[PDB]
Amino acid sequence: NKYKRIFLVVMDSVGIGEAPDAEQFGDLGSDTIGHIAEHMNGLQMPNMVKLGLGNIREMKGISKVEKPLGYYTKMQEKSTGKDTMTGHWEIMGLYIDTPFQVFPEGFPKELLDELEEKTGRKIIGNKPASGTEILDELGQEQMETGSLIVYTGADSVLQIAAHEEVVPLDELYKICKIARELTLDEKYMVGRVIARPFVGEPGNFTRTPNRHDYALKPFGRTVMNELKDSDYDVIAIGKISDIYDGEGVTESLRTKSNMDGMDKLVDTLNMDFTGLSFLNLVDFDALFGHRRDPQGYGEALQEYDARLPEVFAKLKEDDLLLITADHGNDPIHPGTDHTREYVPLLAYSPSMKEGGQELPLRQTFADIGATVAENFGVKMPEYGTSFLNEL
């Protein structure tokens, strides 16, 4: 093996400007990092800059450097959708024709009718909302009628809330599994179905840790599957295991924040493994992009950048660090959906003694999966061109 360990970091939703097919998605003008940089009157990301971020694209506060620490380029998405699952599945070697859907106006009547018909239960709500807001509004009605609160959010999700003392937890899970089956349908293909049990009394409802997520398996065996099948370590950090429904994962480390994510990354640097450590930093997407909060997004990017020198210090000669994103989510864009953007790619190993150079633009996110597969000598994905030899 060229590299004993590969550290792959997805900065979730951190796009680097509209992709050539942005118009199809209503995403003309989108630019996640660029608009944030402008809002911040110059982004302070000196460590990403040292890696070559400004060499990919110069933006306010983000300038090119003569000798980038590693190699740099951007990647174009080939799959139809701009959702988290599509982006991650593509990164790990797949091509996804069928997009997952988002539902800003709630779910189609046909889906909800069928869910009632299979469960013998009434459905109420049917709109985007946070868990606190929807429970405040409908929690009492739910308790009194035994109905099911169905709701969505900014992402591709179908959420079902029921009081634990009115709808037995085990029944709520059965209902969610039925909904998971009904949503395997391109007319209304949702990324995940989520059980949202809650307890308490009107004016004091709280969601319990009995939450359960029902994910789809990737539409293909991924590079992660191949690594796991060859007895390599595949350490998933943050939402990674959920995103892939555990496929190809040997260890999973839950995180509660971006900084906790960087702490777990550090934990894996301190582990003797051979294979892949795969981190998703989700705050960018969940707290800032969808909420259209460029200030919060800018601050999070700066907090993340400040953590990188410790990572640089810990990387061994036979370690490779890969930093990318899975789509854009421009916090100064109309609506609440993701944005169809190129994503940055930075590839750094301390063994790169004379620094990096520009890579040819990656025609699919699957170039990452191809590179990882080639490094570890496992079956090459059907899509993607390795850049291993360029490093």
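Numbering starts at 1 and follows the sequence shown.
**OP:** Would you mind comparing 227-235 and 130-138 for me and telling me which has the higher average C-alpha temperature factor in the entry?
**Re:** Averaged over C-alpha atoms, the B-factors run higher in 130-138.
Subject >> 294-302 versus 212-220 - which carries the larger mean C-alpha B factor in the record >> reply: According to the PDB entry, the answer is 212-220.
Original post:
Of the options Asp283, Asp319, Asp83, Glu105, which has the highest CA B factor as deposited?
Top reply: So the option with the highest C-alpha B-factor is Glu105.
Original post:
Which of these, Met75, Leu111, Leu94, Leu315, has its C-alpha atom at the highest B-factor, as the entry lists it?
Top reply: Highest C-alpha B-factor among the listed options: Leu111.
**OP:** Classify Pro99 as lowest, middle or highest third according to the C-alpha B-factor given in the PDB entry, relative to its own chain.
**Re:** It falls in the middle third of the chain.
Subject >> Relative C-alpha B-factor of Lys50, binned into the chain's lowest, middle or highest third >> reply: According to the entry, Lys50 has a C-alpha B-factor in the chain's middle third.
**OP:** Would you mind checking where the Cα B-factor of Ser13 ranks among the modelled residues of its chain, as the lowest, middle or highest third?
**Re:** Lowest third - that is where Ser13 ends up once the chain's C-alpha B-factors are sorted.
Original post:
Ranked by Cα temperature factor within the chain, is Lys174 in the lowest third, the middle third or the highest third?
Top reply: Its C-alpha B-factor belongs to the highest third of this chain's values.
Original post:
Relative to the other modelled residues in the chain, which third contains the C-alpha temperature factor of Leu391: lowest, middle or highest?
Top reply: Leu391: CA B-factor falls in the highest third of its chain.
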